[PDB]
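Enquirer: Below is a structure I'd like to ask you about.
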Ligand SMILES: [Cl-]
């Protein structure tokens with residue numbers, strides 16, 4: 001785990017998530033996809049405690065997919081984010097809390113608007129134009145404060161994101177083995193293969 | 001009607017027919033007695049010898065609770081054992097909390113409340129036994145008789161089973177002829193006589209006599225079975241009186 | 001907790017509560033399943049003593065259990081929701097642990113097991129429902145059609161019907177369905193299904209529902225006009 | 001007709017099991033009576049020991065519930081003792097929880113509430129008993145409160161219970177019509193006991209030896225039962241007047 | 001009504017006796033034990049021609065060395081099989097060995113009387129349990145809803161049982177080959193079945209020490225059916 | 001009649017019909033015999049088959065190294081009760097390093113059977129048991145009835161036509177009680193006893209079941225060719 | 001042992017009736033008459049004190065009960081059932097309202113809670129319905145004065161005035177002739193006493209009649225001073241003497 | 001704070017031949033610097049030609065041997081007096097030990 | 001034991017019907033009629049109070065029409081006490097959904113869950129079913145205006161216009177006659193009142209024997225308003241359509 005970023009632009013939400021899985025002094029994998037598709041127009045990235053992350057992600061995925069089949073309908077990004085927040089807000093006072101931080105990028109088809117939600121393991125939810133979890137934010141937030149505009153295109157968002165990855169690759173202590181980038185818009189979720 | 005099909009149901013009389021039906025099971029059983037004496041109590045019971053193949057002295061029916069109380073019963077033998085098992089639990093918890101061994105009146109109400117509880121619900125059956133029990137405590141000797149309804153009283157003498165009326169008549173004579181009191185050793189002999197006299201109401205099969213006693217002077221306030229010389233002496237006394 | 005053994009054996013060896021649950025199925029609206037060479041079609045009767053209905057919002061007779069499997073039924077409507085819900089939950093649970101959607105056989109086996117459990121559990125009555133479960137196994141193009149019933153038995157069928165007058169439509173299917181040559185196309189399969197319902201239904205108006213399931217999660221429900229074209233075409237060939 | 005077997009309503013709105021429990025009340029064929037003095041509350045009951053083999057000292061239908069509360073029962077002894085043990089436990093708990101002795105009327109209400117539950121809940125039968133609670137309450141003074149299998153309860157100037165209760169009731173009514181007061185205007189409890197026995201004799205039309213009666217007396221800070229000789233002393237006093 | 005665990009005046013449990021009637025309505029299942037193996041055969045009995053007969057599963061594997069056939073309310077058998085499989089695998093986990101056929105059968109029969117007012121009623125299905133172990137070799141057991149199990153050299157259960165059992169009484173001897181047993185099950189099934197016996201409405205299976213429990217193909221059984229018809233015509 | 005719906009109901013004459021019906025299941029069971037001397041205790045049991053293709057239902061069960069029983073009636077109920085005895089014998093060994101007295105074994109079975117005769121929902125056990133054992137007071141034989149009644153005897157028999165063996169043992173009492181230090185003779189007496197309960201059938205090699213426990217003999221069961229000696 | 005009665009004892013008959021509820025209402029019909037009248041500035045509830053014996057002290061048996069300082073209750077039917085309902089009603093006013101909001105519940109909501117308790121005795125396992133109809137009078141700041149009837153089924157209705165029990169049919173007709181929307185509390189007390197005399201047979205005085213009002217706040221009945229916002233209970237039980245005063249100008 | 005474990009010392013040794021096997025152990029039992037017993041055996045015949053020793057904390061050692069001996073007894077009861085093979089015993093003992101994974105038997109076991 | 005007194009509320013008849021459900025429906029058929037009519041710009045709920053007394057407080061009264069949330073209401077036919085148990089459950093369920101998803105609950109989801117509770121009382125637990133039939137009137141942004149009904153069986157269906165309680169057969173025939181799809185709210189108000197007026201068992205339909213409610217988008221811009229009619233407002237609407 002470690003680096004997960006998110007940028008909301010004019011027409012889409014872009015999520016970038018690091019590919020490394022490190023345990024001890026060994027990088028066990030350099031192609032890890034730290035994300036789950038909750039619904040056709042909703043994507044969740046995650047970072048935190050080993051085991052907890054994927055277990056929580058897949059548990060949420062199962063619940064949203066169950067809802068979809070039951071109602072023959074897709075929950076709004078706002079509705080999904082609130083469900084996820086509550087699950088984490090329950091968790092934090094359990095015997096063993098989920099130590100997982102998530103970003104939820106979705107395209108609301110009723111509003112025709114992209115939406116990005118940042119939720120930490122405590123269940124602290126905020127809607128943001130751009131978001132980050134962990135130490136990443138300490139570099140990317142100030143960078144985005146300067147270069148981000150609300151009316152940017154998906155291409156402009158990807159260039160803005162390249163600027164973030166470059167900064168992290170220059171100043172971060174650990175080798176996070178690049179990022180997998182995914183776009184969420186009116187047409188659903190797709191992966192950028194050459195980043 | 002149908003009032004008699006379910007336990008705890010009042011009939012229009014105000015009766016619980018299921019308890020009265022349990023009393024019939026008691027009347028069907030063998031005779032057992034209790035005699036209160038100067039400083040203790042004596043228990044005796046009729047053991048029908050169904051076959052030559054029964055090992056003599058080896059199907060013991062009188063039961064001890066704690067170390068100072070004796071219990072005997074007529075009717076469904078397993079039901080009596082259940083009641084004694086509870087009695088032993090009740091006595092153990094009393095001694096645990098209060099240190100002193102359970103007094104006889106205290107013990108009597110423990111059994112009474114437990115048997116009475118089995119007349120409160122349709123999901124349980126009343127006890128098919130009348131139980132004669134007692135012993136010696138700090139206030140002297142006590143003898144009790146407990147019935148399927150949960151009813152119990154203190155007794156000078158007590159009898160139940162198929163030969164209860166014969167035994168009761170014989171008990172009443174002792175109470176009249178001995179206003180000052182009967183001795184423990186005398187009461188053992190009398191118990192033998194009364195069981196032999198009450199055996200007339202069950203005389204197809206011959207029987208085996210079983211006696212026990214608690215006495216402040218003779219057994220030091222503890223429950224003991226009468227065996228050997230004292231038993232044979234009591235049997236002979238009884239044999240002489242029937243002829 | 002309520003404990004009463006409601007489903008018990010009778011002197012002749014029958015469990016009447018299970019058998020009476022079958023009578024509830026016999027009262028329910030007719031449902032039919034026919035599988036072709038490359039598809040399965042589920043047809044369902046809807047009674048017309050109910051005008052002023054709102055068909056947008058009224059519960060549909062065929063339910064998606066997952067994106068690749070569907071379930072139709074005959075009998076008590078309220079009962080069927082409980083089975084459908086449990087099936088949908090198991091569908092997601094299977095994907096979670098096995099990392100693969102359910103086979104139609106497995107999903108059927110689960111639903112049948114639930115039904116069986118309600119025949120020897122205290123305090124419960126059996127489900128007044130028989131189901132037709134149809135679909136395609138993951139990465140498989142062979143059509144699957146299964147039937148369950150209140151007792152808990154389940155089996156595979158080339159074509160099958162349940163509900164009221166199902167014995168009449170089963171008769172039709174038994175002479176009109178060739179095992180050696182199943183309906184080669186979607187059109188052929190839908191037509192044979194619509195034909196079989198027209199033996200029992202009444203008007204081919206808003207009385208027949210048709211749902212077509214094709215391989216790789218390809219499920220669509222036909223509209224009134226689309227079904228009405230099959231009704232119109234069949235009647236014109238009949239006058240001969 | 002299973003509506004007569006458990007405590008559910010009959011078509012005419014009646015509870016037959018409760019009604020039949022009232023008939024179980026008289027199964028012992030014993031009559032009880034309670035009156036109030038200025039300083040005391042006296043309760044008396046018949047004592048019938050038919051069997052010669054019984055230990056007469058163990059035959060009792062009067063119970064010492066607490067130091068201040070006494071209770072006489074009309075009904076079979078198993079149910080009577082069941083009620084007594086519960087009443088003792090309830091009174092003991094009340095004192096522990098609330099820091100003062102349970103009043104007679106409050107214990108009566110509590111036992112009446114328990115009885116009510118058996119009339120509403122099916123698995124529990126009513127107890128075939130009528131419970132008369134007596135005390136000298138520190139707030140209300142001399143008190144008589146009575147409970148039945150219906151769960152009904154009320155305070156009394158005086159009361160009677162048993163097969164021949166109506167005769168005793170009217171006898172007492174006629175005395176209080178005459179005296180114009182709510183109690184026996186007497187200083188000592190000894191004479192209130194004498195009044196109680198006198199008016200029971202008149203109403204029942206029978207004479208009593210020392211072993212035909214049972215007497216409980218409640219005074220401030222204690223309830224106690226009388227011995228055979230205490231009653232004999234009381235019988236002699238009545239005879240010599 | 002009356003209690004589920006009630007005794008009749010003749011000293012039998014009503015519900016157990018009534019479940020035995022349900023089993024008599026079931027489809028026939030036959031088992032024969034030899035020194036070369038145990039054969040299990042069943043009548044499928046499809047209720048309608050449209051029903052795909054190969055989905056009728058009345059012969060079932062419990063472990064590699066134990067197989068099972070059923071007759072009666074077959075839906076009731078699912079949880080019995082589930083328990084049997086778990087018992088077998090669990091014993092292998094705890095003891096690093098195969099579980100004895102008798103011990104398996106005893107475990108299944110322990111479920112039987114766990115009903116009353118535990119499940120609400122007895123099972124309405126009888127089981128033929130066939131297997132091999134090193135101690136007692138090839139074995140065949142008949143497991144009833146009474147909780148009782150008998151070892152058999154040969155046994156039939158279901159609607160045609162009493163007629164088939166009388167036939168098995170005459171035909172069985174201690175020197176039967178596996179092939180002889182296969183033909184004998186087919187022969188006796190064909191006798192008691194309603195519809196004409198073929199590879200689609202009847203199923204064979206066996207358990208051998210060497211190859212374990214195997215359900216036969218429809219092609220393999222068809223040839224045994226043809227071999228049987230030819231041998232009966234040949235005298 | 002109206003009072004046999006469950007065990008919780010007494011009849012007007014004070015009978016428990018469900019318990020009596022359970023007793024009836026024992027009478028239908030195959031005969032089994034029990035007898036003892038001062039040194040050994042012996043069980044003999046006639047086993048029953050379904051037909052000539054079936055096995056013979058095992059009647060004898062080992063409870064401990066010094067105790068065991070034979071059964072007549074519902075076999076699953078014997079399995080439940082024997083399992084309980086196995087546990088009780090075992091508890092006595094693990095906790096007190098003490099072999100369970102055959103008498104206590106009887107008391108425990110009585111109390112277990114009794115609880116099933118006083119509560120709603122349950123049913124009486126439908127099996128009779130003959131328990132033999134050798135403990136600190138020598139050889140023992142017990143008879144268990146599902147009414148709860150347990151009885152210590154020199155010899156006895158339960159099952160169909162058990163009255164024949166029970167009469168024989170009653171006559172033979174003085175002889176077999178003094179067969180001390182001779183196992184084969186005590187068995188011979190038991191095999192002759194069970195022969196008084198046979199009709200149209202005789203004792204064969206896969207029909208007879210014998211068990212013995214004693215002073216220098218653990219509870220062991222004999223079947224098959226090991227009982228050919230006694231036919 | 002244990003409550004094996006986990007099933008409903010009140011069930012639908014083929015005709016659609018719920019037998020036990022009907023039979024409970026029958027028990028209410030047999031019960032002694034009680035009534036309630038709503039005035040513009042108060043509410044009155046009244047009933048006859050049917051004495052079981054003249055040796056009984058009828059003061060010790062209270063048919064009219066305070067539930068909260070502003071709510072009172074009276075009944076017709078089975079006394080014991082009523083007594084436990086009052087216990088439960090007093091407790092539920094605290095547990096489900098006062099302990100949450102720091103104030104007493106409004107009349108309609110307390111009534112709603114009592115109705116719930118009575119409904120559950122109609123559906124739950126192993127119980128019969130309550131054999132009582134209640135009349136609950138009360139006041140609260142935002143609804144003013146109100147009067148409710150609660151039946152064995154659990155149903156409740158608001159009333160301007162009504163009667164229940166023995167002679168309810170005649171008493172309701174009497175109240176229809178006399179009730180207007182301008183009645184002052186004293187006028188309502190007068191009409192309550194008139195209506196009750198019709199159904200009472202024997203003695204008719206302050207010792208045989210039980211009557212309470214919901215009216216003005218009573219600072220003298222509060223028991224303490226110093227908090228301006230606490231002004232005292234609106235529930236007041238009229239004394240035996242206060243009833244006789246009004247029976248002279250009758 | 002109460003410490004539920006102790007160390008009773010001693011040592012054990014097992015060697016296997018072609019048609020035999022030995023299991024040896026000293027008979028000394030200790031706590032700290034004191035001798036509790038000079039002859040307290042900790043190698044036991046468990047039946048079915050299986051010998052066993054659980055060395056370390058003797059209370060746990062005795063408990064385990066006791067439970068395994070009891071396991072052999074019930075294996076006979078449940079599987080028609082079948083002999084418990086050494087490999088089956090080993091697997092059974094694993095489950096006895098792992099059953100207390102989060103409160104272990106403090107012993108080295110050899111059979 | 002207690003088996004003797006068990007009615008067995010959750011069993012099948014030989015014909016495959018649920019006795020208790022059928023008998024509960026028979027009970028409901030005697031309750032006051034309630035009508036729901038769905039228009040293109042709103043929904044009408046109309047219900048007849050059960051034979052009123054002149055001394056009944058009419059304004060502070062609620063018997064037929066209950067509010068579940070700001071977007072959903074129900075009309076009741078059957079035992080009121082039973083209905084309130086279910087209404088409180090439904091109210092809580094709506095708030096659970098709003099708390100979880102931060103969106104008002106879709107009407108069908110609420111209807112399904114309430115209907116699922118009813119279903120449970122017919123399959124397990126040995127308890128009597130709820131003697132209640134609901135008409136659900138509500139709005140959400142998926143399907144807009146919706147009418148549903150549920151009954152003791154736990155079965156629910158959607159409607160353009162529907163009646164429950166007494167005289168449903170006659171009421172349904174009248175609604176089926178005069179209802180058309182392009183209908184407006186004010187027309188639906190008139191149809192609801194006209195139908196009750198013809199199916200009523202009373203002599204004449206008056207304001208004091210009615211409860212009335214509308215669910216319109218007749219607030220200000222793209223939002224829904226629930227109007228539970230006051231007594232005087234029912235008096236006026238009854239005059240405006242010329243029934244009195
Ligand atoms: Cl209380």
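Counting starts with 1 at the first residue shown.
Going by what the header records, the deposited coordinates were determined by X-ray crystallography, 2.7 Å.
Including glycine, each Cβ sits where the backbone N, Cα and C put it.
As annotated in Swiss-Prot:
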- I:99: ubiquitin cross-link (CROSSLNK)
- I:198: ubiquitin cross-link (CROSSLNK)
- I:230: ubiquitin cross-link (CROSSLNK)
Enquirer: What does DSSP call residue I:198 (ubiquitin cross-link) in the simple three-state scheme?
Expert: helix
Enquirer: I'm trying to understand the geometry here, so how far is the Cα atom of residue I:198 (ubiquitin cross-link) from the Cα atom of residue I:230 (ubiquitin cross-link), in Å to the nearest whole number?
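Expert: That comes out at 23 Å between the alpha carbons.
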Enquirer: Is it possible to get the count of other C-beta atoms within 10 angstroms of the C-beta of residue I:198 (ubiquitin cross-link)?
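Expert: So the Cβ neighbour count for residue I:198 (ubiquitin cross-link) comes to 12.
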Enquirer: Quick one: of I:99, I:230, which of the recorded sites has the smallest count of other CB atoms within 10 A?
Expert: I:99
Enquirer: Please report the DSSP secondary structure of residue I:230 (ubiquitin cross-link), reduced to three states.
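Expert: The three-state answer is coil.
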Enquirer: Between the Cα atoms of residue I:230 (ubiquitin cross-link) and residue I:99 (ubiquitin cross-link), find the distance and write it as a whole number of Å.
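Expert: It is 32 Å, counting Cα to Cα.
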